[PDB]
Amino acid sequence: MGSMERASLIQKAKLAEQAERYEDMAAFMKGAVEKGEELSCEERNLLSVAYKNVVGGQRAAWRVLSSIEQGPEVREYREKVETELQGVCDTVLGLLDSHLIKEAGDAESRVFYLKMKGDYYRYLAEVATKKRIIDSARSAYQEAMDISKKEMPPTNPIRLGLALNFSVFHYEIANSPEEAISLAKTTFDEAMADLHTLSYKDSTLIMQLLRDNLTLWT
């Protein structure tokens, strides 16, 4: 992508989105990141949509294959999918470390990137057998939580989505169901008290998911 203009990469990422070509969309946004300028709010969202779709297809295949596994063929093909999944997560973590996080221009942007870092270590944790990977996920999420509580309102949709995901980490990955429940419940109650200030449609969608999970866990 090095010979194509930054503006052209961003335009083609939007075309690939409309066409449902998510592998191409991700390659175009990686090219744009490596140009070295800071991303706008619409550009961060393109980068997130592209990789989440690619890694989402790989996770749903790994789970079908793990379930079949319970002749070396099933184990071989499951390991193949697993290594491609790991390559995608390691490419994203490399972009965030080099140098999106360090160069971010404000709180809103730095929180978005640290949430992404926690999400991609968490996807690595799902297929590992590791304690170190879980410790890296927890630490990225905790740094994002600390900044967001000081710099953004309780209804901001990135603050809310960050709390939802850190809650799922506690319940599904780190075996702390008490911590997941308490976080989800405190998060929902504080956003509820702040609705009157909305902006209002964005927040209520993630609140609903917090409540759904509470019902399941409780």
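We number the residues from 1 along the sequence you see.
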| note | Per the record, the count of deposited residues between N175 and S176 that have no coordinates is none
| request: Take the C-alpha B-factors listed in the entry for 41-49 and for 145-153, compute each mean, and give the stretch with the larger one. | output: 145-153
| task | Determine, for stretches 10-18 and 203-211, which one has the higher mean CA B-factor as deposited. | result | 203-211
| note | The residue of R78, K131, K115, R122 with the maximal C-alpha B-factor according to the PDB record is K131
| said: Looking at the temperature factor on the CA atom of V54, which third of the chain's modelled residues does it land in? | reply: lowest
| note | The third of the chain into which the C-alpha temperature factor of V64 falls is the middle
| message | Could you place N165 in the lowest, middle or highest third of its chain by Cα temperature factor, using the values in the record? | response | lowest
| With respect to C-alpha B-factor, does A104 fall in the lowest, middle or highest third of the chain as deposited? | highest
| field | Lowest, middle or highest third - CA B-factor, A193 | value | highest
